[PDB]
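To begin, one chain is listed below as structure tokens, in the form deposited in one PDB entry.
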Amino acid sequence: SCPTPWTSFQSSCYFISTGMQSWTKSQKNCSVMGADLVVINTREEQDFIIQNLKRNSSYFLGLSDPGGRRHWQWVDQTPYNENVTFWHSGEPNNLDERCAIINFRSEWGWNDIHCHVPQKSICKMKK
């Protein structure tokens, strides 16, 4: 009961992109189709996904680190409280974003990557 270009597993529909776009644009592409970049909840889901991928291809997952604030720690384990700090204006530097891909090494598994690189992607639509 999934749209034609989609494949069903359990009560979800999956779309394997053919285009290469950044993580943000890939998520947008999933979004307008009523989907998200793929969230892998179970081992069975990972196995189904890899049976629908091409070994010569790399795909964005719906897994990322948005970056932003670092998890600062005092050296004596005094709790760090952001609200009582004395950072100079515009400090400290924001942590950069990072994104995850699934691909095949000669097997299948995840790797981290810059979010702005063009990769293929996997969308999941809840059915």
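C-alpha atoms forming the largest set that superposes within 1.5 Å between two forms make up the rigid core. Shifts are known only where both forms have a C-alpha. All residue numbers are counted from 1 along the displayed sequence.
One more form of this protein should be noted, the form deposited in another entry, which is absent from this view; the next part is about it.
Which one of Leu95, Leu63, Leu53, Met33, by Cα shift of 2 Å or more between this form and the one not shown, core superposed: None of the others reach 2 Å, which leaves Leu95.
C-alpha of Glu44 moved at least 2 Å between this form and the one not shown on rigid core = No; that C-alpha moves by less than 2 Å between this form and the one not shown.
Quiz item: Can you list, in sequence order, the runs of 3 or more consecutive shared residues with C-alpha shifts of 2 Å or more between this form and the one not shown on the rigid core?
Solution: Run found: 68-97, no others.
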